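The chain below stands alone and is given as structure tokens, in the form deposited without this ligand.
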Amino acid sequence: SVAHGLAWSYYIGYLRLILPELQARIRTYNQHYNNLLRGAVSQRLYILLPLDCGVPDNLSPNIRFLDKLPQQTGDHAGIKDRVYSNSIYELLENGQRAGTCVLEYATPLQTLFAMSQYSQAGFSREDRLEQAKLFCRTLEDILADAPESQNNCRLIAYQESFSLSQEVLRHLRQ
């Protein structure tokens, strides 16, 4: 299926590569690049999984972009020093800072949305919802048995006055 391939590519080509190094990158940021009065970046990659596949290019009102982690580079598929970058976000609640975390949308959901938009893909909006859920289930089952493993990332799936900050804060507060 469509979602089966997207989920395995998200793991094979991304999570498997950046999860084993995420802990070292976050500890580097907290010790050197963090401003004096800014909070420790929580561990773990928080992955946003909107089932409607609505992915804005700019995630950054209670979610404010702070900074980027140090880059991770590697050679892949003949591209020398392919760069992997992640963004740190501040989470506001009642005007007060409630958390800071590495946060991003699952990029394959943008592919599912584009396929529903383009007639040549032959892919309906109903197909999109079924495949989005199937993507999330496959990714969870992959991570459950993955050595790089689910303990470096949290999947935040949700369907849609929904508040995205409160959704992430609920996961960030255990």
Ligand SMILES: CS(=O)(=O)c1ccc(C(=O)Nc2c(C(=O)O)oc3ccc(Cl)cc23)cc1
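Sequential numbering from 1, following the sequence displayed.
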Can you check if residue 36 is missing its coordinates in at least one third of the other PDB entries compared, counting only those that model the residues either side of it? yes
Would you please confirm whether residue 99 lacks atomic coordinates in a third or more of the other entries that were compared? no
Unresolved deposited positions lying between residue 160 and residue 161 come to 4 to 9
Unresolved deposited positions lying between residue 117 and residue 118 come to none
Mean Cα B-factor check, 162-170 vs 13-21, entry values; winner is 162-170
The stretch whose C-alpha atoms carry the larger average B-factor in the entry, 27-35 or 136-144, is 27-35
Per the deposited B-factor column, the C-alpha that peaks among 59, 41, 53, 48 belongs to 59
Scanning 69, 106, 129, 63 for peak Cα temperature factor in the entry gives 63
Among the modelled residues of its chain, the C-alpha B-factor of residue 98 falls in the third labelled middle
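Not pictured, yet referred to below: the form solved in complex with this ligand.
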So, this ligand superimposed from where it sits in the bound PDB entry: by the 2.4 Å backbone or C-beta clash rule, 3 or more atoms, this site is blocked
* Asked: Is every one of 46, 165 and 171 within 4.5 Å of this ligand in the bound PDB entry, counting heavy atoms?
  -> no
Spell out, yes or no, whether the shortest heavy atom distance between residue 70 and this ligand in the bound PDB entry is within 4.5 Å.
yes
inquiry  = Test of understanding: in the bound PDB entry, would residue 60 fall inside 4.5 Å of this ligand by heavy atoms?
reply    = no
Exercise: residue 123 in contact with this ligand in the bound PDB entry, heavy atom 4.5 Å
no
Applying a 4.5 angstroms cut-off on non-hydrogen atoms, the residues of 25-48 near this ligand in the bound PDB entry are 25, 28, 29, 32, 33, 36
